[PDB]
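Below you will find one chain, with nothing else, as structure tokens; this is the form deposited without the named molecule, and questions on how it binds or moves follow later.
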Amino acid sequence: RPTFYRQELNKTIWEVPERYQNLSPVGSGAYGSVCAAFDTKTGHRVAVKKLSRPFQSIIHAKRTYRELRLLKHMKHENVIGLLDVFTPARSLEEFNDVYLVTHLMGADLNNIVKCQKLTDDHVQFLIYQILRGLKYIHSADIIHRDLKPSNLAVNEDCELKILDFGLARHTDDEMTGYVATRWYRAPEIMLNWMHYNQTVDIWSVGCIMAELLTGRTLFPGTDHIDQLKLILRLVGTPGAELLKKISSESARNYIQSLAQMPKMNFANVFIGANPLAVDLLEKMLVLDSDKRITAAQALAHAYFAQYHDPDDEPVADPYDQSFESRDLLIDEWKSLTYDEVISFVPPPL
């Protein structure tokens, strides 16, 4: 066991291995806060996330386990992975706190679009890296579900990594960042139209891409109906098939209540854009989930011709999500989480 040391940080206590030095807050992450640190063992800059009351509810505890299992599985350049996971506890019996460690990233795309204009070349490379991570995540049968600029970590040299993937599970659940999440949400999940799938994430990438190009939120809805008004204003109203694919007879009656809006031609919307970028957008922001381009197809699109490499766009190993169907107490989620902390093997140095 390493020697730990203690320190207070944004009015919470941090107990970490002595290798991690110079802790400095850089904000909040999914159910916790994050400090930058320097790891005197490897010479790397790291981000250390302390989970917030990880076992103070069943929802929290199960989310803790989910998150630790995901982060242990993800091994990809464009997805946040784990350098270290630790706890100051010497046994299950005193286990209360969980800390996760990854490579320090310099900013997120939300703060990026907020302080500079991006050129088409930046947009190309940023979007490429998102679709590349997403092809990986999706190959493991994981859906991000909450893709948004603040969940995309970037460095000064335009390197990007996805984070907070696979942590959402219900639109009935309370979570932070709800209003921003909605701006990028595919309409079928937002409004529970049908059983959804992983194409929800491509709608989100289309929204983000439109935003990186223009510097403005594409669909800044104030609530569910307003959000829907804004979407249909661009993509038009749902044609023939799609209404036949809305089980949600409540949404369906509401929708056909709405007077027809036509589909705009994106070339006429996004003035000054690379026609390739416009044509990718056309393929991502289709109302019919069945008709959206997949991550893997999108990488082959000519917009990314300069970065695309079919032999360096890998898929993921099998990932067991069978725990998701289980109904357990806080202490059983705790013990599972402890197991995963103990069995952690750090990646190749």
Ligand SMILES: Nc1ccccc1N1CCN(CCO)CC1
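Only the largest set of C-alpha atoms that superpose within 1.5 Å between the two forms is called the rigid core. Start at 1 and count along the sequence shown; that's the residue number.
The form deposited with the named molecule bound exists for this protein as well; it is not shown, and the discussion that follows is about that form.
Undergrad: At 2.4 angstroms from backbone or C-beta atoms, do at least 3 atoms of the named molecule clash after superposing the site C-alphas onto the pose in the bound PDB entry, making the site blocked, or is it open?
TA: If you fit the named molecule onto this chain using the C-alphas around its site, the pocket comes out blocked.
Undergrad: Although the partner isn't part of this model, could you tell me whether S139 comes within 4.5 Å of the named molecule in the bound PDB entry, counting any heavy atom of the residue?
TA: No, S139 sits far enough from the named molecule in the bound PDB entry that none of its heavy atoms falls within 4.5 Å.
Undergrad: In the bound PDB entry, does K161 have a heavy atom within 4.5 Å of the named molecule?
TA: So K161 counts as contacting the named molecule.
Undergrad: Any chance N155 has a heavy atom within 4.5 Å of the named molecule in the bound PDB entry?
TA: Judged by the heavy-atom cut-off of 4.5 Å, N155 is in contact with the named molecule in the bound PDB entry.
Undergrad: May I ask you to list the residues of 80-103 that have any heavy atom within 4.5 angstroms of the named molecule in the bound PDB entry, in sequence order?
TA: Residue within 4.5 Å: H103 only.
Undergrad: In a superposition on the rigid core, which residue from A316, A300, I59, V286 has a CA displacement reaching 2 Å or more between this form and the one not shown?
TA: Only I59 moves by 2 Å or more at its C-alpha.
Undergrad: If you line up the core, does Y99 shift 2 angstroms or more at its C-alpha between this form and the one not shown?
TA: Yes, its C-alpha moves 2 Å or more.
Undergrad: Quick check: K75 between this form and the one not shown - does its CA shift reach 2 Å or more after fitting the rigid core?
TA: The answer is no, as the C-alpha of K75 shifts between this form and the one not shown by less than 2 Å after core alignment.
Undergrad: Comparing between this form and the one not shown on the rigid core: C-alpha of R216 shifted by 2 Å or more?
TA: No.
Undergrad: Are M175 and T214 closer or farther apart at their Cα atoms in the bound PDB entry than shown, with the shift being 3 Å or more?
TA: Result: closer.
Undergrad: Since the CA distance of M175 and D226 differs by 3 Å or more in the bound PDB entry, is it closer or farther than in the form displayed?
TA: Closer in the bound PDB entry, by 3 Å or more.
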